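Note sheet for the following structure.
Protein chains in written order, with the authors' numbering: chain D, 4 to 83, 94 to 280; chain C, 4 to 83, 94 to 280; chain B, 4 to 83, 94 to 280; chain A, 4 to 83, 94 to 280; chain J, 4 to 83, 94 to 280; chain I, 4 to 83, 94 to 280; chain H, 4 to 83, 94 to 280.
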């Protein structure tokens with residue numbers, strides 16, 4: 004009864020997507036809490052933010068795309094009528110499985126907001142503040158870039174720093190919610206257009222998916238058994254018996270040529 | 004049902020790669036936290052950093068290459094047409110399995126950044142600082158090399174030290190992300206060119222891999238059983254019975270010559 | 004299914020080597036943390052270091068060599094053509110299994126570096142220091158040998174002591190990495206030359222190894238059963254029945270001579 | 004499958020030797036930490052040290068010798094050609110099993126070194142010290158014997174005490190390592206000469222050992238069953254039935270003489 | 004498989020002796036730590052020590068002697094040629110089993126030494142001490158007997174008290190080691206003379222021991238079954254059926270005389 | 004296999020005696036630590052001590068005597094030749110089982126000694142003390158009886174109190190050891206005289222004990238089954254069927270007289 | 004094997020009595036520690052003590068008497094020769110089972126003594142005290158009744174209070190021990206006279222007890238089965254089938270009269 008429920012869960016795409024999202028959330032939390040520290044330099048801040056903000060998303064998207072076995076077969080069908098549309102729907106299902114990880118990464122890393130603070134701590138619009146009128150541009154950038162990591166100045170500085178930080182947190186969380194909403198709407202309309210352009214009815218689709226799955230599994234098992242039988246026959250030609258038999262009555266000692274015979278596997 | 008899932012996991016290259024990466028991450032964490040200490044000498048710092056940065060990567064790469072049994076057979080096929098391409102694809106799969114460990118080692122040890130600080134704490138560009146103009150070159154190197162390990166000087170020194178350390182941490186993490194991105198792109202394009210140059214179709218590849226695996230396993234088992242039968246027959250010639258039989262009726266006491274007979278195994 | 008995986012692991016030389024290395028690492032850690040203390044005398048320091056550095060390596064190497072049963076049989080074949098090369102390859106495999114322990118001992122005890130500090134705390138090159146010019150040679154050695162174990166002097170002394178200790182730690186860890194690299198290169202080229210000088214092909218080697226293993230096991234079991242049958246027959250001659258039978262109908266009481274008969278085992 | 008692995012471990016002499024060594028190490032640790040205290044008298048110190056250093060070794064050696072059943076049979080063969098050499102090899106195996114305990118006791122109790130400090134705290138060579146010139150011989154011995162257990166004097170006394178203690182610890186640990194090395198070399202050359210003087214080949218030895226083991230076991234079981242049958246027959250002569258039968262139809266009440274009959278066991 | 008190993012351990016005299024020794028050690032530790040307190044009177048100290056030192060040893064020796072069932076049968080054989098020697102060897106084995114407990118009690122209670130301090134705290138040789146010259150004999154005994162339990166006097170008194178206590182601890186532990194060595198030597202030479210005077214060979218001894226054990230067990234079981242059958246027959250004569258039968262067809266109501274019949278068991 | 008070892012332990016009188024002794028020790032410890040407090044009155048102390056010292060011993064002895072079922076049957080045989098001696102031996106075995114509890118109670122409560130202090134704190138021989146010469150007899154008793162429970166007076170009083178308490182503890186523990194030794198000697202000589210006066214040989218005794226045990230058990234079971242059959246037959250006469258049968262075909266409704274029939278059980 | 008030991012324990016009256024005594028001890032401890040508080044009024048103290056001292060004993064005695072099923076049947080035999098004596102012995106056994114609870118309640122609540130202090134804190138004999146001569150009778154009672162619960166007066170008052178409390182504790186514990194001894198003696202002599210007046214022999218008693226037990230059990234089971242069969246037959250007359258049958262072929266729908274038929278159970 005164990006493998007029954009195991010396969011029932013494996014079929015559930017919802018469970019797999021939930022597992023992927025939860026693992027990405029935990030990994031993002033650990034990654035941020037462990038190996039993140041603002042450089043607070045003059046020009047090397049925005050890049051340090053955008054790297055952690057963007058690069059893991061691209062990496063996880065590429066990983067979700069390439070790690071899917073069926074994607075390789077589909078590309079091989081494409082790489083050097095109805096088949097085109099069915100391949101399009103297969104590619105669509107693969108993309109739907111893959112997109113979950115980078116999307117949840119972006120969403121969580123924006124809702125936490127600590128990356129955006131260190132990302133755009135230099136573009137802060139400072140125009141109506143009492144302490145930022147006399148200072149030159151260079152020292153202005155210098156004292157503005159020192160806000161995110163630490164604080165050491167009198168109370169007015171920490172007040173304006175908290176204000177700027179709260180503004181940037183608001184901007185980050187708003188961007189995160191906008192991304193969530195836009196992504197959900199896009200996914201919904203994409204599933205809708207996929208249902209619209211599907212040449213199969215509601216029932217033929219189920220049969221088609223089951224057909225693809227069963228095809229891959231059965232061909233794997235059958236090719237395995239066939240090659241096993243062939244190698245067993247070559248072994249019987251070499252030694253003179255079957256590896257599975259018991260109390261073998263004839264044992265043919267190999268000669269110096271039959272080793273050369275078995276050296277090549279005939280591909 | 005246990006061995007079913009055990010073999011199912013063993014087949015999953017993703018699981019094995021995840022295990023290798025996690026073990027390397029844990030080992031790197033323990034290794035760094037336990038047996039690392041900056042020498043903070045005048046010329047013996049960059050080497051102390053580059054050693055921990057580089058040598059374990061080379062060692063783990065060589066270990067991932069040599070520990071693969073199939074690699075030895077392939078090299079023996081090479082060491083003193095279609096076969097060439099199939100051997101190339103096998104070598105490619107072995108390299109794909111092996112490269113994971115040193116890559117993750119480099120990635121984690123750069124993202125942590127504590128090795129790079131002690132690695133290039135001497136090349137620090139000190140040109141626009143108030144305390145480093147009057148001091149001579151030798152004492153400048155002396156006070157610059159004492160930054161990474163400890164702090165003992167007044168507040169200006171600790172301020173410039175924190176600034177230099179943050180700059181170097183930024184550089185280290187940027188190098189780590191660049192390495193990650195470049196490596197992922199290289200792996201993707203390499204899998205692409207491997208799919209392009211493959212003389213087999215999408216289905217022949219599965220049969221070929223299953224064929225190699227089954228060939229190795231079946232030949233091992235068959236050679237074992239054959240040698241066991243041969244040694245059992247020599248034992249029956251020595252003592253006069255089969256090691257597996259029960260209630261043996263004839264027991265031939267060995268003579269002083271038959272010991273010499275069994276002394277050599279006939280290779 | 005238990006003994007299946009047990010034997011599968013036992014076959015894996017990688018698992019056994021990993022276990023040996025981990026056990027040696029743990030033992031070295033406990034040994035160093037428990038029963039090590041620097042004597043800090045004038046001439047009795049370098050020996051106290053080199054002992055812990057060297058002697059356990061030699062002991063573990065001898066233990067890895069002598070504890071291998073096959074090594075005794077090979078030496079007996081040597082002690083008072095093709096056979097020579099096959100024995101050479103067997104000796105090579107035994108050496109490959111054995112060398113792991115002293116190598117990992119040296120590697121870990123050098124990477125930790127605490128043994129090297131107490132080993133060469135007397136050869137410290139003291140030529141450009143402000144406090145070591147007026148002092149005579151004897152008191153110089155006296156105050157130099159008191160550095161590794163403890164500290165009791167003013168701040169200049171502890172500063173120069175920390176500098177010397179860091180220099181020696183750097184030297185120790187560099188020597189450790191050099192040893193690791195040289196040993197790995199030597200092992201690789203030795204496996205290469207072993208593959209080069211092997212008179213067997215890639216397939217004959219597998220059969221040969223399985224043959225040796227099965228030969229030893231089957232001969233053990235067969236000799237055991239034969240001697241058991243012989244002793245059972247002598248027991249039947251003494252008492253008048255078989256130790257395995259039930260409801261024995263005849264019981265021959267032994268006489269005063271048959272005890273003398275069974276006193277000798279006929280070798 | 005339990006008793007399979009139990010017997011497999013029992014055969015492994017390495018496991019038994021490891022267990023003996025570990026138990027002796029633990030016992031020595033507990034014994035030293037619990038019931039040891041330096042008397043710090045004038046002439047009663049060296050004996051108090053040498054007792055704990057020596058006597059347990061002799062006791063454990065005698066225990067390892069006498070507790071071996073086969074040793075008693077061999078001595079009986081000796082006590083009031095080829096047989097001599099085979100008995101010599103058996104005695105050698107027994108000695109090899111037995112020697113492990115006192116050797117590890119000496120090794121651990123010397124490496125810990127706390128016994129040697131209290132053992133030779135009187136032979137300390139005091140000739141170049143500032144406080145030991147004016148004092149007479151008797152008070153010199155008195156203040157020298159009070160060093161190991163406690164300290165109560167000014168700083169110069171505790172300094173010279175720590176120096177003497179470190180010197181004696183160095184001497185103790187050096188003696189321990191010398192003992193370890195000499196013992197390992199002796200054991201190796203003794204196994205070598207045992208292999209040299211063995212009249213049996215490499216294969217006859219295995220058969221001989223299995224023969225001895227099976228002989229002892231089978232004779233025990235057979236003698237047990239024979240005596241059981243004889244006593245069962247005497248019981249049937251007394252009461253009139255077999256202790257194993259059920260629904261016995263005849264019950265012979267014993268008479269006043271048959272009790273005298275069963276009083277003696279006929280030896 | 005449980006009772007197999009249970010009986011295998013029960014046969015091992017080494018295991019039983021180890022259990023007895025460990026239990027006696029634990030009991031001695033608890034007994035000493037719980038219910039021991041020095042009276043520190045003038046004449047009632049040596050007895051309070053010697054009681055705990057001696058009486059438990061005698062009690063445990065008598066318990067080890069009398070609790071052995073075979074000892075009672077042997078004494079009955081003695082109480083109102095070859096048989097004499099065999100009974101002597103049986104008595105020897107019983108003594109060897111029994112002596113372990115009082116010996117280990119004495120050994121542990123002497124090695125701990127706290128009993129000997131309170132035992133001979135009055136015989137202290139006080140002849141060369143500065144405070145014990147003017148005091149009379151009575152007050153001398155009074156202040157000497159107050160040392161073991163407590164301390165309340167100035168520093169010179171506590172110094173001489175610690176010296177006397179250390180001297181007595183040394184004496185106690187030396188006596189303990191002497192007892193251990195003498196006892197082991199006596200046991201060894203006694204086993205030797207037992208092997209010398211044994212009229213049986215090495216093999217007849219095993220048969221004899223197995224014979225004694227099997228004799229006792231089989232006679233117990235057979236006598237039990239015989240008496241059970243006899244009582245079952247008397248019950249059938251009383252009630253009219255067998256206690257083991259089912260669906261009994263005849264039930265004989267007992268009369269007023271048959272109760273008198275069953276009142277006596279005919280011995 | 005459970006009930007096998009359960010009955011094997013139940014047969015072991017040593018195990019039952021150990022359990023009784025341990026339970027009595029624990030109960031005495033709890034009883035003393037919980038509900039004991041010295042009254043410290045003028046004449047009501049010795050009784051308060053002797054009660055706890057004596058009464059539980061008598062109670063436990065009576066409980067060990069009366070709770071034995073066989074003792075009741077033996078007394079009934081006595082209450083209104095060879096039989097006399099056999100009954101004497103049975104009574105002896107019962108007494109040997111019973112005496113353990115009060116003896117261990119006395120032993121432990123004397124070795125702890127806290128009961129004896131409160132028992133004879135009035136008979137203290139006070140004749141050579143500096144503070145007890147001027148005081149009258151009444152106040153002397155008053156201040157002497159206040160020693161065991163509490164202390165409130167100056168240091169001389171607490172000193173003499175500790176001295177008296179230590180003297181009484183010594184007396185108590187000496188009495189306890191004397192009781193232990195005398196009791197063990199008495200038990201040994203009593204077992205000896207029981208072996209001397211036994212009319213049975215060593216083997217007839219085993220048969221006799223097994224006979225008594227089996228007699229009681231078998232008669233119980235047989236009487237139970239007989240009465241069960243009789244009541245089942247009366248039930249069949251009442252209702253018309255057997256309580257064990259199924260699908261009974263005839264059901265006889267009872268009449269107003271048969272209830273009167275079943276009202277009496279015919280004894 | 005579970006129910007075997009369960010019934011074996013249930014038969015053991017000793018186990019049931021131990022359980023009852025332990026439960027009563029625990030309940031008394033909890034009851035006293037939870038809901039007891041001295042009123043310390045002028046006339047309402049002795050009643051508050053005697054209530055907790057007496058009433059629970061009477062309640063537990065009545066509960067032990069009435070809760071026994073056999074007691075009801077015996078009383079019904081009595082309520083509106095040999096039978097009289099057998100009923101007397103049955104009543105005796107019931108009383109022996111029942112009396113344990115109130116006796117142990119009284120014993121424990123007297124040995125703890127806290128109830129007796131609050132019970133007779135007014136009858137304190139105050140005649141030779143320095144502070145109780147001038148005070149009138151009313152205030153004397155007032156200050157005497159305030160002793161048990163609390164203390165608030167100077168040291169002389171607390172001294173005389175502790176003295177009175179210790180006197181009353183002594184009296185309480187003495188009364189408890191007297192009760193224990195008298196009760197045990199009464200129980201012993203009562204069992205003796207019960208054995209004396211028993212018209213049955215030692216063996217007829219066992220049969221009689223087993224007869225009573227089996228009679229009750231078998232009659233219960235048989236009456237149950239008979240009534241079940243009768244109701245099943247009435248159900249078959251109502252509906253037309255048996256409640257236990259399967260695939261019933263005829264189903265008789267009930268009419269408006271047969272409901273009236275089944276309305277009465279015919280008693």
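From the three backbone atoms N, C-alpha and C, an ideal C-beta is built for every residue, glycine too.
With its beta carbon less than 8 Å from one in chain J, residue 214 (chain H) belongs to the interface. Residue 20 (chain I) places its beta carbon less than 8 Å from that of residue 113 (chain I). Scanning its chain for C-beta atoms nearer than 6 Å, with the 5 sequence neighbours on each side dropped, one finds around residue 41 (chain A) the residues 131, 161, 162, in chain order. Excluding its 5 nearest sequence neighbours in each direction, residue 123 (chain H) has C-beta neighbours in its own chain below 6 Å: 185, 188, 189, listed in chain order.
In the three-state reduction of the DSSP assignment, residue 169 (chain I) falls in the helix class. For residue 40 (chain B), the chain A residues whose Cβ falls inside 8 Å of its Cβ are 179, 182, in order along the chain. The DSSP-derived three-state label of residue 131 (chain H) is helix.
For the 8 Å CB-CB criterion, residue 134 (chain H) and residue 158 (chain H) form a contact. DSSP places residue 220 (chain I) in the uninterrupted alpha helix (DSSP H) bounded by 215-252. Taking C-alpha positions only, residue 31 (chain A) is separated from residue 67 (chain B) by approximately 27 Å. Contact with chain C is found for residue 190 (chain B), since one of that chain's Cβ atoms lies less than 8 Å from the residue's Cβ. Contact note: residue 276 (chain C) reaches chain A through 214, 215, 216, using a C-beta cutoff of 9 Å and chain order.
With respect to chain J, the C-beta atom of residue 208 (chain I) has a partner C-beta closer than 8 Å.
With a threshold of 16 other beta carbon atoms within 10 Å, residue 117 (chain A) meets it and is buried. The DSSP-derived three-state label of residue 270 (chain H) is coil. Not a single C-beta of chain H is nearer than 8 Å to the C-beta of residue 198 (chain I). Remark: fewer than three beta-carbon pairs, one from each stretch, lie closer than 8 Å, so the stretch 10-28 of chain I and the stretch 162-179 of chain H are not flagged as touching.
Between residue 208 (chain H) and residue 79 (chain I), the gap from beta carbon to beta carbon is short of 8 Å.
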